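This report refers to the structure that appears directly beneath it.
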Amino acid sequence: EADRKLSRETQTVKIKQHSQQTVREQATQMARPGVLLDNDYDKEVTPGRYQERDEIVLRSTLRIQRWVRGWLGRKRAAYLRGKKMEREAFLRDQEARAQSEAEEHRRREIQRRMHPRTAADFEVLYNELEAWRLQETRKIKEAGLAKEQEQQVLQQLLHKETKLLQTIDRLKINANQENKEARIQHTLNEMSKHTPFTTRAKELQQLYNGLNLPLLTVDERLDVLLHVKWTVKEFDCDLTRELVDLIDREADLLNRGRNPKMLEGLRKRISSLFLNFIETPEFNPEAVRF
Amino acid sequence: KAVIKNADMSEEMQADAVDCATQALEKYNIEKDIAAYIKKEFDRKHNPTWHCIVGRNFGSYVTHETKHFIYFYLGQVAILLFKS
Amino acid sequence: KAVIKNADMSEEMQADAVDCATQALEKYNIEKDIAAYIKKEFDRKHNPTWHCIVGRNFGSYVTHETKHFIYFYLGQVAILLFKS
Amino acid sequence: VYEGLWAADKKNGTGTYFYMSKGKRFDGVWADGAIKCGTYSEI
Amino acid sequence: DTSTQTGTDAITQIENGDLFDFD
Amino acid sequence: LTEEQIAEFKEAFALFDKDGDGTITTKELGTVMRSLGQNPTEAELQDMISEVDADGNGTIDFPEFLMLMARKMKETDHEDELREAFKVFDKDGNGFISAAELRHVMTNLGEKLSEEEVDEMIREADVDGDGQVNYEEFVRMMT
């Protein structure tokens, strides 16, 4: 432990100068001529002029009060200028914030249109396509020409709508694949979410993430595969043995030497099988929760 | 010139603190800002522990470590330099 | 009617600190003596040691400990306290 | 007695703690903790 | 890690011949 | 009168009253004239005010206000002359006089000094109690 050592106190109070002086006593003595002699050390002075000064002091005080009134008006103008500056700054800040919010909303709408990850965004895109088709149909009806070829115009519009629907479906398929990958990642994260079971799930999730890694070194990937094979052989089930055989096949191909692009599909197969095995009660005790 | 009301630190450290306070006063003209600049300079100069207080009517009694205490008056403001 | 611009303490501790401040103001006249009494009371009740600053006009800029620094204004002066 | 708005506790919401023994009441916001700023009155 | 701030005038004249007795 | 003078007068009128009524009341006319940088005494301020506060509108419209303010600004004055006059008027040669006596003389001489204005000026100046403030130093501190 410890104990108090020492302390010092110092207060910085205000200080000021002082001036003290005692009173002075003087005596004036007169004397008759010859009765008592007095030493003469006085000094003669001029007559001088004394004036009156009250009017001059009054004029000076009037000028001083005029200057004080001017200073008070300056203070009032400064307060008004400060209020105006505060109002202008608040208005400018509010306008900038509103413009930034509008720009962010427009950017979000554009991003949703380009990549409709949200089902609401996909529905909005479908509604916009339907509205565009309705507007085109209204324009065609307003034109109202070539009733015999009106069927041809409708067929062309239908072909355009079919192409747009095909593009929307392709975008939806890509978004669905991305959402499936994100859901798998989120399930893996939730499984790893402290307890010993949580630690085991976190280790399994780390192994799975290492297996599903981009641009990994060949030696690092081989070491990760060896660790995963050891983990699978620890369980030593039938599915574990099959996964170990697949991992050994991939390792043998890599050691023999070939492009990793050639075995990317087999690696994806092994990763899927390993994830399926991991998502089991035997591999992860927390798998009962999921 | 600055007058040290109280100081418990090295003379070189006291001179260094005086130089930092004068430089901070010349640069920063706000009581909070000058103290913040002085505290930042003091921490980087002597030791990470620092405590700079700037004011004119601040009188306090607080325990401080040995060789890490200073209270000096520069101009009209009062500066208290210590290590936290 | 009170005011505390910034503080870091427990709700019960803040109430105890507020009660101690009123008692110190009622049973002390010197600002440093009241600050020392508050510091000793806080030290005896909130894991000594600590420190406090009392005054009338002073900008504060320091690095205290987490949940070990409070500040409030009562009466005519303002009180700032933090554990060393 | 602490009465007010909380968001899983320690919320910067209107709350009042009534210290009956002291006879006082403190009203403020428990910003990200027990208390950050408030005003104490004698009820 | 923290930032904060805080009696009447009297006239007396000697009259001519008041204090001086010629005889 | 000119464009810059009109802009300054508009700023002073906005400071006096920014409600947008287009006119300035007699109460705020003195404040507007003071904010315009002029230093007129109380008698002259009353003379300027009552010379436009009779028409019954309760304020001075834009044209009358601008012409009257141009006429007022046509006059010129020197603050250095007033400072030198105050320095000479100070009883001591160095210009150090008692604050209470000076305030009493100012209040009882000519245009009576306002109590609030005198207190504010004294607080701003912060004259030293131990030694009376020299006239030049006090003038420099005030302005």
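With ideal geometry, Cβ positions are generated from the backbone for all residues, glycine too; neighbour counts draw on all protein chains shown. Throughout, read-outs are computed from the coordinates displayed, never taken from laboratory work.
Evaluate peptide F:113-122: per residue, the Cβ atoms of other protein chains within 10 Å of its Cβ; return the mean as an integer. Could the numbers behind the result be given before it?
Values: counts 5, 4, 0, 1, 6, 3, 0, 4, 6, 0.
The mean count of partner-chain Cβ atoms within 10 Å per residue comes to 3.
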Number of partner chain Cβ atoms within 10 Å, mean per residue of C:11-24: 4
C-alpha long axis of helix F:62-74 to longest principal axis of chain F, angle in °: 40
Cβ crowding within 10 Å averaged over residues, with A:158-167, D:19-28, A:14-23 ranked highest first: D:19-28, A:158-167, A:14-23
Where labels lie 7 Å past Cα in the beta-carbon direction, separation of F:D130 and A:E242 in nm: 9.9
With 10 Å bins from 0: P(r) over chain A, alpha-carbon pairs, percent: 4, 12, 10, 10, 10, 10, 9, 7, 6, 5, 4, 4, 4, 2, 1, 0
Förster radius 60 Å - calculated FRET efficiency between A:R87 and A:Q166, Cβ distance, rounded to 0.05: 0.60
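What FRET efficiency do you get for A:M30 and F:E115 if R0 is 41 Å and r is their Cβ-Cβ distance, rounded to the nearest 0.05? Write down the numbers at each step before the final one.
Values: r = 50 Å, r/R0 = 1.21.
Step by step, r from the Cβ atoms, then E = 0.25.
Can you pull out the trypsin sites (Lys or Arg not before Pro) in region B:1-66 that DSSP calls coil and that have at most 14 other Cβ atoms within 10 Å? If you can, show how the numbers build up before the last one.
Numbers: sites: B:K1, B:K5, B:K27, B:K32, B:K39, B:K40, B:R44, B:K45, B:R56; in loops: B:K1, B:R56.
Passing sites in region B:1-66 are B:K1.
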Inter-label distance, nm, simple model (7 Å from Cα along the C-beta direction), D:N12/A:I15: 4.5
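Would you calculate a helix-derived [θ] at 222 nm for chain F, using -39,500 (n - 2.57) for each DSSP H run of n ≥ 4 and dividing by the full residue count, to the nearest 500?
Details: 8 runs with 86 residues, N = 143.
The per-residue figure over chain F is -18000 deg cm²/dmol.
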Spacing of the two label points (7 Å from each Cα toward its C-beta) at D:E42 and A:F290, in nm: 6.3
Sorted by Cβ neighbour density within 10 Å, fewest at the top, the residues F:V133, B:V3, F:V127, A:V124: B:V3, A:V124, F:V127, F:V133
For chain E versus region C:1-75, the gap between their alpha-carbon centres in whole angstrom: 55
Average other protein chain Cβ within 10 Å of Cβ, residues D:17-30: 2
Relative contact order (percent, whole number), region F:49-143, Cα cutoff 8 Å, 6+ residue spacing: 26
Paramagnetic reach from A:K268 in region A:227-247 [backbone N under 18 Å; point 7 Å along Cα→Cβ]: A:247
A:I184, A:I110 arranged by Cβ crowding within 10 Å, fewest neighbours leading: A:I110, A:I184
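Taking neighbour Cβ counts within 10 Å as the exposure measure, how do F:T31, A:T137, A:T195, A:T28 sort from fewest upward? Write out the running numbers ahead of the final one.
Details: F:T31 24, A:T137 14, A:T195 9, A:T28 4.
Ordered from fewest to most neighbouring Cβ atoms within 10 Å, F:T31, A:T137, A:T195, A:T28 come out as A:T28, A:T195, A:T137, F:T31.
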Cα gyration tensor shape of region B:2-83, rounded if a/c is under 1.5, else prolate or oblate by comparing a/b with b/c: rounded
Cβ-vector label at 7 Å, C:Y28, separations to other copies in nm: 2.8
Share of alpha-carbon pairs per 10 Å distance bin for chain D, given as whole %: 33, 54, 13
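Could you give the alpha-carbon Rg of the protein assembly as shown over 2.2 N^0.38 Å, rounded to two decimals? Walk me through the numbers before you get to the answer.
Numbers: Rg = 43.5 Å, N = 667, 2.2 N^0.38 = 26.0 Å.
Taking the Cα Rg and dividing by 2.2 N^0.38 Å, one obtains 1.67.
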Cα gyration tensor shape of region F:40-143, rounded if a/c is under 1.5, else prolate or oblate by comparing a/b with b/c: prolate
Contact order relative to length of chain B, as percent, for alpha carbon pairs under 8 angstrom and 6 or more apart: 38
Approximate shape of region F:16-84 as ellipsoid semi-axes (Cα gyration tensor, √5λ), whole Å, largest first: 23, 12, 11
Dimensionless Rg over Rh [region A:241-290; C-alpha; Kirkwood]: 1.12
